[PDB]
$ cat target_13.cif   # mmCIF, C-alpha atoms
data_final
loop_
_atom_site.group_PDB
_atom_site.id
_atom_site.type_symbol
_atom_site.label_atom_id
_atom_site.label_comp_id
_atom_site.auth_asym_id
_atom_site.auth_seq_id
_atom_site.Cartn_x
_atom_site.Cartn_y
_atom_site.Cartn_z
ATOM 1 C CA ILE A 5 17.812 41.408 -19.906
ATOM 2 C CA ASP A 6 18.840 41.521 -23.586
ATOM 3 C CA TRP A 7 15.531 41.031 -25.395
ATOM 4 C CA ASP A 8 17.054 41.507 -28.854
ATOM 5 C CA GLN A 9 19.541 38.668 -28.381
ATOM 6 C CA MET A 10 16.945 36.528 -26.614
ATOM 7 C CA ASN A 11 14.665 36.909 -29.654
ATOM 8 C CA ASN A 12 16.972 34.900 -31.918
ATOM 9 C CA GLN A 13 17.570 32.360 -29.139
ATOM 10 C CA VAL A 14 13.823 31.851 -28.651
ATOM 11 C CA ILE A 15 13.333 31.415 -32.411
ATOM 12 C CA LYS A 16 16.092 28.783 -32.443
ATOM 13 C CA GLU A 17 14.647 26.943 -29.449
ATOM 14 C CA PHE A 18 11.118 27.023 -30.913
ATOM 15 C CA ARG A 19 12.250 25.596 -34.234
ATOM 16 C CA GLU A 20 14.454 22.901 -32.675
ATOM 17 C CA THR A 21 11.736 21.675 -30.283
ATOM 18 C CA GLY A 22 8.847 21.684 -32.752
ATOM 19 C CA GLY A 23 7.221 24.686 -31.113
ATOM 20 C CA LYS A 24 7.717 23.450 -27.547
ATOM 21 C CA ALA A 25 10.156 25.985 -26.140
ATOM 22 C CA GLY A 26 11.568 24.879 -22.801
ATOM 23 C CA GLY A 27 12.983 26.452 -19.683
ATOM 24 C CA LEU A 28 10.965 29.383 -18.407
ATOM 25 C CA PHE A 29 8.852 29.329 -21.609
ATOM 26 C CA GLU A 30 7.776 25.700 -21.221
ATOM 27 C CA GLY A 31 4.048 26.094 -20.693
ATOM 28 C CA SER A 32 3.276 29.310 -22.518
ATOM 29 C CA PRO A 33 1.196 29.407 -25.693
ATOM 30 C CA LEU A 34 3.649 30.580 -28.360
ATOM 31 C CA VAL A 35 3.736 31.288 -32.117
ATOM 32 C CA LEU A 36 6.349 32.853 -34.384
ATOM 33 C CA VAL A 37 4.726 35.581 -36.503
ATOM 34 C CA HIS A 38 6.556 36.936 -39.542
ATOM 35 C CA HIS A 39 5.857 40.578 -40.340
ATOM 36 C CA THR A 40 7.043 42.948 -43.052
ATOM 37 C CA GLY A 41 7.813 46.599 -42.322
ATOM 38 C CA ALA A 42 5.036 48.894 -43.505
ATOM 39 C CA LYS A 43 7.559 51.310 -45.038
ATOM 40 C CA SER A 44 10.797 49.337 -45.379
ATOM 41 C CA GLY A 45 9.551 45.980 -46.557
ATOM 42 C CA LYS A 46 11.992 44.495 -44.030
ATOM 43 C CA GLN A 47 10.964 41.134 -42.595
ATOM 44 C CA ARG A 48 11.127 40.315 -38.884
ATOM 45 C CA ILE A 49 9.933 37.458 -36.672
ATOM 46 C CA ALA A 50 7.941 38.200 -33.524
ATOM 47 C CA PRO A 51 7.574 35.394 -30.948
ATOM 48 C CA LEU A 52 4.131 36.168 -29.546
ATOM 49 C CA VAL A 53 1.775 34.569 -27.030
ATOM 50 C CA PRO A 54 -1.497 33.837 -28.876
ATOM 51 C CA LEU A 55 -4.952 32.821 -27.784
ATOM 52 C CA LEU A 56 -5.454 29.349 -29.302
ATOM 53 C CA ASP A 57 -9.246 29.166 -29.227
ATOM 54 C CA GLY A 58 -10.253 25.898 -30.788
ATOM 55 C CA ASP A 59 -8.425 25.883 -34.118
ATOM 56 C CA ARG A 60 -8.206 29.666 -34.479
ATOM 57 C CA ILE A 61 -5.177 31.806 -33.665
ATOM 58 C CA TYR A 62 -5.347 35.341 -32.234
ATOM 59 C CA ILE A 63 -2.640 37.815 -31.206
ATOM 60 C CA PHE A 64 -2.948 40.962 -29.113
ATOM 61 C CA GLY A 65 -1.349 44.354 -29.628
ATOM 62 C CA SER A 66 -1.036 45.046 -25.910
ATOM 63 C CA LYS A 67 2.521 46.488 -25.826
ATOM 64 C CA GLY A 68 2.387 46.384 -22.033
ATOM 65 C CA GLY A 69 -0.473 48.894 -21.937
ATOM 66 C CA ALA A 70 1.508 51.572 -23.806
ATOM 67 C CA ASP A 71 -0.245 54.435 -25.587
ATOM 68 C CA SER A 72 1.097 53.193 -28.969
ATOM 69 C CA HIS A 73 0.478 50.005 -30.950
ATOM 70 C CA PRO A 74 3.362 47.571 -31.509
ATOM 71 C CA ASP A 75 5.181 47.882 -34.818
ATOM 72 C CA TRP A 76 4.120 44.370 -35.852
ATOM 73 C CA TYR A 77 0.491 45.493 -35.715
ATOM 74 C CA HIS A 78 1.051 48.322 -38.210
ATOM 75 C CA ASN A 79 3.095 45.893 -40.309
ATOM 76 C CA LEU A 80 0.307 43.310 -40.466
ATOM 77 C CA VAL A 81 -2.267 46.001 -41.320
ATOM 78 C CA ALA A 82 -0.073 47.115 -44.212
ATOM 79 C CA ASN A 83 0.936 43.573 -45.290
ATOM 80 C CA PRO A 84 -1.620 41.049 -43.995
ATOM 81 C CA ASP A 85 -0.459 38.079 -46.110
ATOM 82 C CA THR A 86 2.241 36.474 -43.999
ATOM 83 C CA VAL A 87 3.475 33.274 -42.333
ATOM 84 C CA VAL A 88 3.071 31.838 -38.830
ATOM 85 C CA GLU A 89 4.952 28.965 -37.169
ATOM 86 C CA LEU A 90 2.847 26.951 -34.699
ATOM 87 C CA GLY A 91 3.923 23.639 -33.232
ATOM 88 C CA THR A 92 5.793 21.671 -35.885
ATOM 89 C CA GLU A 93 4.060 23.461 -38.777
ATOM 90 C CA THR A 94 4.504 26.660 -40.788
ATOM 91 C CA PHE A 95 1.625 27.976 -42.792
ATOM 92 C CA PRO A 96 0.474 30.976 -44.828
ATOM 93 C CA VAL A 97 -2.032 33.228 -43.076
ATOM 94 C CA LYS A 98 -4.073 36.353 -43.728
ATOM 95 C CA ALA A 99 -4.175 38.751 -40.786
ATOM 96 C CA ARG A 100 -7.665 40.054 -39.946
ATOM 97 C CA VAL A 101 -8.173 42.895 -37.467
ATOM 98 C CA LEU A 102 -11.185 42.210 -35.239
ATOM 99 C CA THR A 103 -13.626 44.965 -34.306
ATOM 100 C CA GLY A 104 -16.804 45.509 -32.339
ATOM 101 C CA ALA A 105 -18.353 42.747 -30.272
ATOM 102 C CA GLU A 106 -16.159 40.032 -31.804
ATOM 103 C CA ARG A 107 -13.016 41.876 -30.698
ATOM 104 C CA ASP A 108 -14.389 42.360 -27.155
ATOM 105 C CA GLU A 109 -15.341 38.689 -26.830
ATOM 106 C CA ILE A 110 -11.923 37.438 -27.903
ATOM 107 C CA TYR A 111 -10.138 39.958 -25.672
ATOM 108 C CA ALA A 112 -12.219 38.741 -22.701
ATOM 109 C CA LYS A 113 -11.194 35.138 -23.434
ATOM 110 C CA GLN A 114 -7.529 36.201 -23.255
ATOM 111 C CA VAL A 115 -8.106 38.123 -19.988
ATOM 112 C CA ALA A 116 -9.495 34.864 -18.575
ATOM 113 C CA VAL A 117 -6.254 33.014 -19.499
ATOM 114 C CA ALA A 118 -3.824 35.840 -18.660
ATOM 115 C CA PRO A 119 -5.267 38.446 -16.270
ATOM 116 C CA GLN A 120 -2.560 41.028 -17.005
ATOM 117 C CA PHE A 121 -4.509 41.793 -20.204
ATOM 118 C CA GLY A 122 -7.155 43.418 -18.003
ATOM 119 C CA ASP A 123 -4.490 45.683 -16.545
ATOM 120 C CA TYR A 124 -3.070 46.509 -19.971
ATOM 121 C CA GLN A 125 -6.420 47.725 -21.249
ATOM 122 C CA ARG A 126 -7.075 49.728 -18.076
ATOM 123 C CA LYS A 127 -3.725 51.490 -18.547
ATOM 124 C CA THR A 128 -4.453 53.063 -21.950
ATOM 125 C CA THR A 129 -7.449 54.527 -23.735
ATOM 126 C CA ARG A 130 -6.019 53.073 -26.944
ATOM 127 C CA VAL A 131 -8.145 50.096 -27.968
ATOM 128 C CA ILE A 132 -5.728 47.166 -27.866
ATOM 129 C CA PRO A 133 -5.878 45.358 -31.239
ATOM 130 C CA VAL A 134 -6.945 41.741 -31.632
ATOM 131 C CA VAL A 135 -5.716 40.134 -34.860
ATOM 132 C CA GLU A 136 -6.786 36.725 -36.125
ATOM 133 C CA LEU A 137 -4.123 34.873 -38.114
ATOM 134 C CA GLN A 138 -6.424 33.041 -40.547
ATOM 135 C CA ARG A 139 -4.950 29.921 -42.148
ATOM 136 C CA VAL A 140 -5.004 29.983 -45.945
ATOM 137 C CA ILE B 5 20.471 30.337 -23.530
ATOM 138 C CA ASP B 6 21.478 30.716 -19.861
ATOM 139 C CA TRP B 7 18.331 29.643 -18.015
ATOM 140 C CA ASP B 8 19.941 29.926 -14.574
ATOM 141 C CA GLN B 9 20.849 33.586 -15.068
ATOM 142 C CA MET B 10 17.542 34.298 -16.800
ATOM 143 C CA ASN B 11 15.723 32.924 -13.736
ATOM 144 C CA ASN B 12 16.881 35.772 -11.492
ATOM 145 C CA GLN B 13 16.220 38.298 -14.270
ATOM 146 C CA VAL B 14 12.650 37.035 -14.715
ATOM 147 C CA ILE B 15 12.056 37.209 -10.949
ATOM 148 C CA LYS B 16 13.306 40.811 -10.940
ATOM 149 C CA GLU B 17 11.147 41.778 -13.914
ATOM 150 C CA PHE B 18 8.062 40.097 -12.411
ATOM 151 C CA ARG B 19 8.452 41.893 -9.098
ATOM 152 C CA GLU B 20 9.162 45.294 -10.674
ATOM 153 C CA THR B 21 6.158 45.135 -13.034
ATOM 154 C CA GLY B 22 3.621 43.812 -10.532
ATOM 155 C CA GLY B 23 3.530 40.395 -12.161
ATOM 156 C CA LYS B 24 3.366 41.710 -15.729
ATOM 157 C CA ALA B 25 6.679 40.568 -17.170
ATOM 158 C CA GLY B 26 7.392 42.188 -20.521
ATOM 159 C CA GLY B 27 9.335 41.428 -23.659
ATOM 160 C CA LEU B 28 8.867 37.895 -24.921
ATOM 161 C CA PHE B 29 6.998 36.986 -21.695
ATOM 162 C CA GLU B 30 4.377 39.719 -22.061
ATOM 163 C CA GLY B 31 1.237 37.663 -22.549
ATOM 164 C CA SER B 32 2.041 34.455 -20.724
ATOM 165 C CA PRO B 33 0.271 33.427 -17.527
ATOM 166 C CA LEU B 34 3.018 33.512 -14.890
ATOM 167 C CA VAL B 35 3.462 32.932 -11.136
ATOM 168 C CA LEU B 36 6.525 32.742 -8.903
ATOM 169 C CA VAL B 37 6.353 29.579 -6.773
ATOM 170 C CA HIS B 38 8.634 29.219 -3.758
ATOM 171 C CA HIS B 39 9.687 25.662 -2.962
ATOM 172 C CA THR B 40 11.855 24.104 -0.270
ATOM 173 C CA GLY B 41 14.202 21.208 -1.018
ATOM 174 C CA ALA B 42 12.795 17.900 0.189
ATOM 175 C CA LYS B 43 16.160 16.910 1.688
ATOM 176 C CA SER B 44 18.141 20.146 1.998
ATOM 177 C CA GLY B 45 15.510 22.564 3.198
ATOM 178 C CA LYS B 46 16.974 24.994 0.649
ATOM 179 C CA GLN B 47 14.507 27.510 -0.765
ATOM 180 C CA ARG B 48 14.236 28.303 -4.476
ATOM 181 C CA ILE B 49 11.844 30.291 -6.667
ATOM 182 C CA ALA B 50 10.377 28.712 -9.795
ATOM 183 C CA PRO B 51 8.738 31.033 -12.358
ATOM 184 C CA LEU B 52 6.015 28.766 -13.725
ATOM 185 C CA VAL B 53 3.161 29.104 -16.210
ATOM 186 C CA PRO B 54 -0.062 28.264 -14.327
ATOM 187 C CA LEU B 55 -3.611 27.584 -15.377
ATOM 188 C CA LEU B 56 -5.629 30.446 -13.845
ATOM 189 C CA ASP B 57 -9.086 28.875 -13.877
ATOM 190 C CA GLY B 58 -11.458 31.324 -12.296
ATOM 191 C CA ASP B 59 -9.803 32.183 -8.987
ATOM 192 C CA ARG B 60 -7.874 28.919 -8.638
ATOM 193 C CA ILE B 61 -4.211 28.400 -9.491
ATOM 194 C CA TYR B 62 -2.761 25.174 -10.930
ATOM 195 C CA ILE B 63 0.766 24.210 -11.994
ATOM 196 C CA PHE B 64 1.908 21.265 -14.092
ATOM 197 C CA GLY B 65 4.887 18.980 -13.604
ATOM 198 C CA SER B 66 5.440 18.498 -17.327
ATOM 199 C CA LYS B 67 9.262 18.842 -17.455
ATOM 200 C CA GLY B 68 9.054 18.863 -21.245
ATOM 201 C CA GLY B 69 7.657 15.322 -21.317
ATOM 202 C CA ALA B 70 10.664 13.852 -19.477
ATOM 203 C CA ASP B 71 10.434 10.509 -17.684
ATOM 204 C CA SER B 72 11.097 12.236 -14.314
ATOM 205 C CA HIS B 73 9.111 14.794 -12.318
ATOM 206 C CA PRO B 74 10.568 18.279 -11.784
ATOM 207 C CA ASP B 75 12.365 18.843 -8.496
ATOM 208 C CA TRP B 76 9.827 21.484 -7.441
ATOM 209 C CA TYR B 77 7.111 18.825 -7.541
ATOM 210 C CA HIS B 78 8.931 16.572 -5.060
ATOM 211 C CA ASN B 79 9.661 19.672 -2.977
ATOM 212 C CA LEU B 80 6.002 20.695 -2.782
ATOM 213 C CA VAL B 81 4.953 17.127 -1.907
ATOM 214 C CA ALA B 82 7.446 17.147 0.957
ATOM 215 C CA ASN B 83 6.736 20.762 2.033
ATOM 216 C CA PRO B 84 3.294 21.834 0.774
ATOM 217 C CA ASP B 85 2.992 25.012 2.884
ATOM 218 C CA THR B 86 4.634 27.668 0.748
ATOM 219 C CA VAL B 87 4.251 31.074 -0.923
ATOM 220 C CA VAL B 88 3.196 32.157 -4.418
ATOM 221 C CA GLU B 89 3.536 35.568 -6.092
ATOM 222 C CA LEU B 90 0.716 36.389 -8.533
ATOM 223 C CA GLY B 91 0.142 39.822 -10.003
ATOM 224 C CA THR B 92 0.934 42.436 -7.366
ATOM 225 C CA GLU B 93 0.243 40.058 -4.460
ATOM 226 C CA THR B 94 2.124 37.422 -2.463
ATOM 227 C CA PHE B 95 0.188 34.940 -0.430
ATOM 228 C CA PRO B 96 0.558 31.752 1.611
ATOM 229 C CA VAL B 97 -0.659 28.598 -0.119
ATOM 230 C CA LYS B 98 -1.038 24.888 0.547
ATOM 231 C CA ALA B 99 -0.065 22.700 -2.401
ATOM 232 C CA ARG B 100 -2.581 19.943 -3.205
ATOM 233 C CA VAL B 101 -1.761 17.178 -5.686
ATOM 234 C CA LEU B 102 -4.778 16.404 -7.878
ATOM 235 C CA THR B 103 -5.699 12.835 -8.792
ATOM 236 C CA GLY B 104 -8.298 10.893 -10.725
ATOM 237 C CA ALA B 105 -10.961 12.635 -12.768
ATOM 238 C CA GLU B 106 -10.235 16.057 -11.253
ATOM 239 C CA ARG B 107 -6.609 15.851 -12.398
ATOM 240 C CA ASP B 108 -7.648 14.784 -15.927
ATOM 241 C CA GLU B 109 -10.177 17.612 -16.232
ATOM 242 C CA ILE B 110 -7.698 20.290 -15.193
ATOM 243 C CA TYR B 111 -4.983 18.859 -17.451
ATOM 244 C CA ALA B 112 -7.423 18.982 -20.395
ATOM 245 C CA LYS B 113 -8.151 22.657 -19.664
ATOM 246 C CA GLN B 114 -4.408 23.388 -19.887
ATOM 247 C CA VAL B 115 -4.078 21.405 -23.152
ATOM 248 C CA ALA B 116 -6.819 23.665 -24.541
ATOM 249 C CA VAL B 117 -4.773 26.795 -23.648
ATOM 250 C CA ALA B 118 -1.329 25.391 -24.521
ATOM 251 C CA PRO B 119 -1.447 22.406 -26.902
ATOM 252 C CA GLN B 120 2.149 21.351 -26.204
ATOM 253 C CA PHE B 121 0.801 19.787 -22.986
ATOM 254 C CA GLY B 122 -0.833 17.126 -25.162
ATOM 255 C CA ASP B 123 2.556 16.327 -26.655
ATOM 256 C CA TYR B 124 4.235 16.251 -23.247
ATOM 257 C CA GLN B 125 1.826 13.641 -21.935
ATOM 258 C CA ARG B 126 2.125 11.552 -25.106
ATOM 259 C CA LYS B 127 5.915 11.517 -24.677
ATOM 260 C CA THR B 128 6.024 9.795 -21.271
ATOM 261 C CA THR B 129 4.050 7.128 -19.456
ATOM 262 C CA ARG B 130 4.691 9.083 -16.259
ATOM 263 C CA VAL B 131 1.451 10.761 -15.204
ATOM 264 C CA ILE B 132 2.259 14.472 -15.325
ATOM 265 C CA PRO B 133 1.337 16.020 -11.946
ATOM 266 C CA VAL B 134 -1.262 18.750 -11.531
ATOM 267 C CA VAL B 135 -0.868 20.750 -8.313
ATOM 268 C CA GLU B 136 -3.365 23.295 -7.027
ATOM 269 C CA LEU B 137 -1.822 26.165 -5.063
ATOM 270 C CA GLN B 138 -4.678 26.750 -2.599
ATOM 271 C CA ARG B 139 -4.777 30.202 -1.007
ATOM 272 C CA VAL B 140 -4.755 30.132 2.791
#
$ encode --input "target_13.cif" --output "structure tokens"
Amino acid sequence: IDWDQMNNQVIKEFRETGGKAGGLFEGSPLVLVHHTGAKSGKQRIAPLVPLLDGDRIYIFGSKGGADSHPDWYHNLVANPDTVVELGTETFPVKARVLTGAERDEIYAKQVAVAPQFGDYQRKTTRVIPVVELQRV
Amino acid sequence: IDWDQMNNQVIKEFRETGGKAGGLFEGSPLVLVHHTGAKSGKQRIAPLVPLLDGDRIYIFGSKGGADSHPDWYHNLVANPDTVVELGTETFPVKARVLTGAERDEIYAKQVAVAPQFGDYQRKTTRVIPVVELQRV
């Protein structure tokens, strides 16, 4: 499975369907998150599965339960003013890293939607980040 | 995007990761649902995004808001005794088609997780099916 090629194809499908990617992605929550390299300044787009809790948008640095954070997490910490595409809209956001009880409560809500997040946190002692993409 | 080839690749990845497909699928709820052709008796596997509400499992015949139901829906109506793969487990299930208020309540829970389901139901006057996969 070529994930790098399938990234650009997913971005295309998302944009052409108004954020309603089809096929095997049909029912998944999905956002396109732009992120700028902490060192390079190079911009990339990450299709990510968010928690859409009411009108708020959260993303999770699970990386499959790896012992490292995903690059997009470090990029949003360094450059939190970015853009997200959700549905038919694109809007400026400020990334906010959750901590403490708020982070635990949001993580638990995601475990309730997608139980693999329980496994991911069991697999590493790294605290998996929760990032709110706050609409500006 | 070759969905037919990417079906077998997703099935492989699901089985090898214990139901924790990675890459662009990392955070999505996902089950593999076996279904037998209503006329042919031919067996197929559909990777589908369920609602995992407590310990119950529901799937949605949205078909992108099309005016027809997906083939797997007709197949489960004809042959409701089947198998689902969830996480690291595989278990026999009986498919039950929801109706009335119960169907509306479960559909609303899925719209709250994945808002595109609101769009899909707006797009067709066909009532989108909700099917519980009941563990035997």
$ interface_residues --input "target_13.cif" --of "chain A" --to "chain B" --cutoff "9 Å" --atoms "only C-alpha atoms" --output "PyMOL selection string"
chain A and resi 5+7+10-11+13-14+17+23-34+50-58+64+66-68+91+114+116-121+123
$ atom_distance --input "target_13.cif" --atom1 "atom CA of residue 133 of chain B" --atom2 "atom CA of residue 60 of chain B"
16.2 Å
$ residues_around --input "target_13.cif" --residues "residue 44 of chain A" --least-positions-apart "4" --cutoff "12 Å" --atoms "all atoms listed in the file" --output "PyMOL selection string"
chain A and resi 39-40+48+79+82-83
$ closest_residue --input "target_13.cif" --among "A:38, A:98, A:113, A:139" --to "residue 76 of chain A" --atoms "all atoms listed in the file"
A:38
$ residues_around --input "target_13.cif" --residues "segment 99-107 of chain B" --least-positions-apart "6" --cutoff "7 Å" --atoms "all atoms listed in the file" --output "list in words"
residues 80, 84, 85, 134, 135, 136, 137 and 138 of chain B
$ calpha_fit_and_write --input "target_13.cif" --fixed "chain B" --moving "chain A" --output "short mmCIF file (atom, residue, chain, number, x, y, z; two decimals) with C-alpha atoms, in the frame of the given file"
data_model
loop_
_atom_site.label_atom_id
_atom_site.label_comp_id
_atom_site.auth_asym_id
_atom_site.auth_seq_id
_atom_site.Cartn_x
_atom_site.Cartn_y
_atom_site.Cartn_z
CA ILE A 5 20.47 30.34 -23.53
CA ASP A 6 21.48 30.72 -19.86
CA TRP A 7 18.33 29.64 -18.01
CA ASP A 8 19.94 29.93 -14.57
CA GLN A 9 20.85 33.59 -15.07
CA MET A 10 17.54 34.30 -16.80
CA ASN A 11 15.72 32.92 -13.74
CA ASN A 12 16.88 35.77 -11.49
CA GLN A 13 16.22 38.30 -14.27
CA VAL A 14 12.65 37.03 -14.72
CA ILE A 15 12.06 37.21 -10.95
CA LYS A 16 13.31 40.81 -10.94
CA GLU A 17 11.15 41.78 -13.91
CA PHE A 18 8.06 40.10 -12.41
CA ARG A 19 8.45 41.89 -9.10
CA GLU A 20 9.16 45.29 -10.67
CA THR A 21 6.16 45.13 -13.03
CA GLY A 22 3.62 43.81 -10.53
CA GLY A 23 3.53 40.39 -12.16
CA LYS A 24 3.37 41.71 -15.73
CA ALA A 25 6.68 40.57 -17.17
CA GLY A 26 7.39 42.19 -20.52
CA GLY A 27 9.33 41.43 -23.66
CA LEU A 28 8.87 37.90 -24.92
CA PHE A 29 7.00 36.99 -21.70
CA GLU A 30 4.38 39.72 -22.06
CA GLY A 31 1.24 37.66 -22.55
CA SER A 32 2.04 34.45 -20.72
CA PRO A 33 0.27 33.43 -17.53
CA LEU A 34 3.02 33.51 -14.89
CA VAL A 35 3.46 32.93 -11.14
CA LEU A 36 6.53 32.74 -8.90
CA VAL A 37 6.35 29.58 -6.77
CA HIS A 38 8.63 29.22 -3.76
CA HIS A 39 9.69 25.66 -2.96
CA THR A 40 11.86 24.10 -0.27
CA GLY A 41 14.20 21.21 -1.02
CA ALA A 42 12.79 17.90 0.19
CA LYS A 43 16.16 16.91 1.69
CA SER A 44 18.14 20.15 2.00
CA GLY A 45 15.51 22.56 3.20
CA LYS A 46 16.97 24.99 0.65
CA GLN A 47 14.51 27.51 -0.77
CA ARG A 48 14.24 28.30 -4.48
CA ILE A 49 11.84 30.29 -6.67
CA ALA A 50 10.38 28.71 -9.79
CA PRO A 51 8.74 31.03 -12.36
CA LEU A 52 6.02 28.77 -13.72
CA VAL A 53 3.16 29.10 -16.21
CA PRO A 54 -0.06 28.26 -14.33
CA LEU A 55 -3.61 27.58 -15.38
CA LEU A 56 -5.63 30.45 -13.84
CA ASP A 57 -9.09 28.87 -13.88
CA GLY A 58 -11.46 31.32 -12.30
CA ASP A 59 -9.80 32.18 -8.99
CA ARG A 60 -7.87 28.92 -8.64
CA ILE A 61 -4.21 28.40 -9.49
CA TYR A 62 -2.76 25.17 -10.93
CA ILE A 63 0.77 24.21 -11.99
CA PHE A 64 1.91 21.26 -14.09
CA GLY A 65 4.89 18.98 -13.60
CA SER A 66 5.44 18.50 -17.33
CA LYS A 67 9.26 18.84 -17.45
CA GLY A 68 9.05 18.86 -21.25
CA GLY A 69 7.66 15.32 -21.32
CA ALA A 70 10.66 13.85 -19.48
CA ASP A 71 10.43 10.51 -17.68
CA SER A 72 11.10 12.24 -14.31
CA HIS A 73 9.11 14.79 -12.32
CA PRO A 74 10.57 18.28 -11.78
CA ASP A 75 12.36 18.84 -8.50
CA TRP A 76 9.83 21.48 -7.44
CA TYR A 77 7.11 18.83 -7.54
CA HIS A 78 8.93 16.57 -5.06
CA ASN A 79 9.66 19.67 -2.98
CA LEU A 80 6.00 20.70 -2.78
CA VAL A 81 4.95 17.13 -1.91
CA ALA A 82 7.45 17.15 0.96
CA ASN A 83 6.74 20.76 2.03
CA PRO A 84 3.29 21.83 0.77
CA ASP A 85 2.99 25.01 2.88
CA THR A 86 4.63 27.67 0.75
CA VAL A 87 4.25 31.07 -0.92
CA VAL A 88 3.20 32.16 -4.42
CA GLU A 89 3.54 35.57 -6.09
CA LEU A 90 0.72 36.39 -8.53
CA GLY A 91 0.14 39.82 -10.00
CA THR A 92 0.93 42.44 -7.37
CA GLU A 93 0.24 40.06 -4.46
CA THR A 94 2.12 37.42 -2.46
CA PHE A 95 0.19 34.94 -0.43
CA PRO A 96 0.56 31.75 1.61
CA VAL A 97 -0.66 28.60 -0.12
CA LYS A 98 -1.04 24.89 0.55
CA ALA A 99 -0.06 22.70 -2.40
CA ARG A 100 -2.58 19.94 -3.21
CA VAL A 101 -1.76 17.18 -5.69
CA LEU A 102 -4.78 16.40 -7.88
CA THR A 103 -5.70 12.83 -8.79
CA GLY A 104 -8.30 10.89 -10.73
CA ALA A 105 -10.96 12.63 -12.77
CA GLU A 106 -10.24 16.06 -11.25
CA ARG A 107 -6.61 15.85 -12.40
CA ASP A 108 -7.65 14.78 -15.93
CA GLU A 109 -10.18 17.61 -16.23
CA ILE A 110 -7.70 20.29 -15.19
CA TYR A 111 -4.98 18.86 -17.45
CA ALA A 112 -7.42 18.98 -20.40
CA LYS A 113 -8.15 22.66 -19.66
CA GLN A 114 -4.41 23.39 -19.89
CA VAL A 115 -4.08 21.41 -23.15
CA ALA A 116 -6.82 23.66 -24.54
CA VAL A 117 -4.77 26.79 -23.65
CA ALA A 118 -1.33 25.39 -24.52
CA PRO A 119 -1.45 22.41 -26.90
CA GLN A 120 2.15 21.35 -26.20
CA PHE A 121 0.80 19.79 -22.99
CA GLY A 122 -0.83 17.13 -25.16
CA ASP A 123 2.56 16.33 -26.65
CA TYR A 124 4.24 16.25 -23.25
CA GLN A 125 1.83 13.64 -21.94
CA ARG A 126 2.12 11.55 -25.11
CA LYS A 127 5.91 11.52 -24.68
CA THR A 128 6.02 9.80 -21.27
CA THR A 129 4.05 7.13 -19.46
CA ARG A 130 4.69 9.08 -16.26
CA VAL A 131 1.45 10.76 -15.20
CA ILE A 132 2.26 14.47 -15.32
CA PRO A 133 1.34 16.02 -11.95
CA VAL A 134 -1.26 18.75 -11.53
CA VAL A 135 -0.87 20.75 -8.31
CA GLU A 136 -3.36 23.30 -7.03
CA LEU A 137 -1.82 26.17 -5.06
CA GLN A 138 -4.68 26.75 -2.60
CA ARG A 139 -4.78 30.20 -1.01
CA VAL A 140 -4.75 30.13 2.79
#
$ resolve_selection --input "target_13.cif" --expression "the PyMOL selection byres ((chain A and resi 131) around 10)" --output "list in words"
residues 65, 66, 69, 71, 72, 73, 103, 107, 108, 125, 126, 128, 129, 130, 132, 133 and 134 of chain A
$ atom_distance --input "target_13.cif" --atom1 "atom CA of residue 88 of chain B" --atom2 "atom CA of residue 37 of chain B"
4.7 Å
$ closest_residue --input "target_13.cif" --among "B:35, B:77, B:15, B:42" --to "residue 93 of chain B" --atoms "all atoms listed in the file"
B:35
$ closest_residue --input "target_13.cif" --among "A:94, A:75, A:61, A:47" --to "residue 19 of chain A" --atoms "all atoms listed in the file"
A:94
$ atom_distance --input "target_13.cif" --atom1 "atom CA of residue 89 of chain A" --atom2 "atom CA of residue 36 of chain B"
28.6 Å
$ residues_around --input "target_13.cif" --residues "residue 96 of chain B" --least-positions-apart "3" --cutoff "6 Å" --atoms "all atoms listed in the file" --output "JSON, numbers by chain"
{"B": [86, 87, 140]}
$ closest_residue --input "target_13.cif" --among "A:12, A:78, A:62, A:95" --to "residue 111 of chain A" --atoms "all atoms listed in the file"
A:62
